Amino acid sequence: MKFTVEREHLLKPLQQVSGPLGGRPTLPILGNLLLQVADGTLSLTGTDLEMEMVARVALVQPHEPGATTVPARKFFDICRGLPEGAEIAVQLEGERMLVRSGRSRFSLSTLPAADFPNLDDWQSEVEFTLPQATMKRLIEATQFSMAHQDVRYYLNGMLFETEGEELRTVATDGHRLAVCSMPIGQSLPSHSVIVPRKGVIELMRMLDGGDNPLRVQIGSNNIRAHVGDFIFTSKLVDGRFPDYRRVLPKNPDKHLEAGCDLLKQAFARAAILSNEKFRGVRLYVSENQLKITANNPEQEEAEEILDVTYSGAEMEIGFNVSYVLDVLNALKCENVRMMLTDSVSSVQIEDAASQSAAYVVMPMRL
């Protein structure tokens, strides 16, 4: 095995294929990357047995076929640590891989490519293509609401839902919910899967904001994403996801609109004197005005008054201010819409200018 390649053509691929690798593997070879020279192409693969990322690099300098595995962290650090515009010559010499460039030489330990574990083979039964940016928006809009290591394992992940011509993402930790729907211009079957949170992050981070389209394949227990030179594959979470349609407030008739930043800064100051554990704040809403109050066990008190667009009936309601701020921070828009009903119902939050993303927070009594 032999190749010579520019440092810069190796770094992005190394970032991508390093993502999956867990910090304390059950096998020695799981700390390594698989390297293959074949048909004019170097492929790198990293895995953790749950998910896998393969990157491809075209080889325009002379090369010799073969495969081996090297420690991922070290080989990445060497390449990244080498100077800008460097040529990186790699060759397999016995049970060592030789890396050199200019007058820097490294000898890396190998494990055999034959021991590198592959993911279970599977069949695609739902496929579609879409702009990278559409996938990026779907995930960014909802990712923060995924559970982290809940015992309800199916919440530690994101629901991907196909219906008609749109793709929808949903996330919830059992307390707050985020949903986002985008049309993708392909007739799709009605289908639903749960991607594990680590898989969702790899996917998100494999999208480089560029013009390459993203192709998605979904099987019974697996999902795969292909964009340009990168192919990501992950297991699905085998569980049942809650129905998001049930939590959405029915016919909220009291819509409040305000500048996202102004509402955010007001909640952010009020939060300073909220309960540190339960983070409850009170909204008093009246004609074109909102008053926000907070207090903590030490009886310190905050109050914020802003001008808003609001014409409905006067009402009160409490919320977890961290959840509201998470929503306002994910939105990053000019104007926000808060769709209110009463003191005992939940609230749905959106960009004033767009219904594509919706967020649901529970009422707090105080």
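By rigid core we mean the largest C-alpha set that fits within 1.5 Å across both forms. Residues carry their position along the shown sequence, with the first being 1.
* To do: Name the stretch that deviates more in 5 other deposited structures of this protein: 75-83, or 221-229? Use RMS CA distance to the shown form, core superposed.
  => The stretch that sits farther from the shown form in 5 other deposited structures of this protein is 75-83.
* Comparing C-alpha positions in 5 other deposited structures of this protein against this form, with the rigid core used for the fit, which stretch differs more, 307-315 or 47-55? -> So, of the two stretches, the farther one in 5 other deposited structures of this protein is 307-315.
* To do: Tell whether, across the other compared PDB entries, at least a third have no coordinates for residue 26.
  => Yes, left without coordinates in at least a third.
* Averaging the C-alpha B factors as listed in the entry, name the stretch that ends up higher: 111-119 or 272-280. => The stretch with the larger mean CA B-factor is 111-119.
* Averaging C-alpha B-factors over each stretch, which comes out higher, 224-232 or 80-88? -> So the stretch with the higher mean C-alpha B-factor is 80-88.
* Asked: Between 93, 173, 127, 161, which carries the biggest CA temperature factor in the record?
  -> When the deposited C-alpha B-factors of 93, 173, 127, 161 are compared, 93 is largest.
* To do: By the entry's C-alpha temperature factors, tell me which of 103, 168, 291, 215 sits highest.
  => That would be 103, according to the entry.
* **residue 66 - which third its CA temperature factor falls in, relative to the rest of the chain** => Lowest third, going by the recorded CA B-factors of the chain.
* CA B-factor placement of residue 364, once the chain's modelled residues are sorted into thirds -> Middle third by C-alpha B-factor.
* Asked: Of the three thirds of its chain by CA temperature factor, lowest, middle or highest, which one includes residue 142?
  -> According to the entry, residue 142 has a C-alpha B-factor in the chain's lowest third.
* To do: Would you mind checking where the Cα B-factor of residue 334 ranks among the modelled residues of its chain, as the lowest, middle or highest third?
  => Highest third of the chain for residue 334's C-alpha B-factor.
* **residue 21 - Cα temperature factor, lowest/middle/highest third of chain** => Highest third - that is where residue 21 ends up once the chain's C-alpha B-factors are sorted.
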